[PDB]
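Participant: Have a look at this one.
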Amino acid sequence: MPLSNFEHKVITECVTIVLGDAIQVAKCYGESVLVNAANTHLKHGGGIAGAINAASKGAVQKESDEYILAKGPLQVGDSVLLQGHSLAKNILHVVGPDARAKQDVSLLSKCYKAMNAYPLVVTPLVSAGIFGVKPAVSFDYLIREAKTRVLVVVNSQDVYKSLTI
Ligand SMILES: NC(=O)c1ccc[n+]([C@@H]2O[C@H](COP(=O)([O-])OP(=O)(O)OC[C@H]3O[C@@H](n4cnc5c(N)ncnc54)[C@H](O)[C@@H]3O)[C@@H](O)[C@H]2O)c1
């Protein structure tokens with residue numbers, strides 16, 4: 001019954017769209033991997049990254065800073081699996097393309113392919129916020145790649161209605 005707490009629509013046997021807060025959806029599933037829409041330096045200053053960090057009481061940012069100091073920054077399209085900090089089994093930090101910087105939007109395919117390593121994924125629409133890709137487009141890239149159970153969570157009802165109309 002976790003999804004009974006949320007308005008949702010099953011799109012395929014893999015992909016379901018959910019209206020609400022991705023952090024709250026992931027909290028319902030102890031085995032879920034929660035996707036963070038991150039940047040190359042894992043600086044979680046706002047958006048869902050800032051919300052995930054706040055939910056972790058700052059531990060996500062502290063762990064991110066340790067990682068980037070040791071490994072250097074990530075490339076657009078990369079992903080790194082880090083701790084879940086009781087929000088989820090793990091948090092998959094994914095570096096979506098920033099359309100403001102005219103980065104290759106097709107790198108969203110590489111972002112979403114990375115989700116297929118995990119049996120249950122809870123994800124926002126990567127690059128669909130400040131990175132300037134329309135949610136409708138980010139969704140196209142997601143459904144093209146998803147091979148595992150993915151709960152796509154959108155926190156705007158206008159977006160939810162648009163993707164389920
Ligand atoms: N004020 C800031 O500094 C600020 C603000 C936003 C994003 N960022 C940074 O931008 C980068 C990511 O940009 P982006 O466009 O890929 O992602 P984003 O987090 O800006 O937006 C991705 C999509 O998820 C939606 N969303 C936000 N919170 C959600 C939640 N709890 N549950 C479900 N959906 C949610 C957003 O409205 C958007 O449609 C990150 O590094 C983030 O730190 C910084």
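Participant: Students often forget the sequence filter, so: which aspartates and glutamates lie under 19 Å Cα-Cα from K57 once same-chain residues fewer than 8 apart are removed?
Facilitator: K57 reaches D21, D65, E66.
Participant: Quick one: net charge of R149's neighbours, Cβ under 12 Å, K/R +1, D/E -1?
Facilitator: -1
Participant: Still on this structure: Helix-only mean residue ellipticity at 222 nm, the chain, DSSP H runs n ≥ 4 weighted -39,500 (n - 2.57), per residue, nearest 500. What is it?
Facilitator: Result for the chain: -9000 deg cm²/dmol, rounded to the nearest 500.
Participant: What net charge is computed for the residues neighbouring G129, neighbours being all others with C-beta under 12 Å from the C-beta of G129, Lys and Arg scored +1, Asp and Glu -1? Write out the running numbers ahead of the final one.
Facilitator: On the way: positive: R100, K134; negative: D98.
That works out to +1.
Participant: May I pose another question? Please give the peptides 125-138, 152-165, 61-74 ranked by average Cβ packing (other Cβ atoms within 10 Å per residue), highest first, as a rough proxy for protection.
Facilitator: So the peptides 125-138, 152-165, 61-74, ranked by packing, come out 125-138, 152-165, 61-74.
Participant: Looking at the chain, send over the antiparallel percent of its DSSP beta bridges, to the nearest 5. Display every interim value, and only then the final one.
Facilitator: Numbers: 8 of 25 bridges.
The antiparallel proportion sits near 30 percent.
Each value in this text was obtained by applying a stated rule to the coordinates, not by laboratory testing. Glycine also receives a Cβ, built like all others from the backbone with ideal geometry; neighbour counts cover every protein chain displayed.
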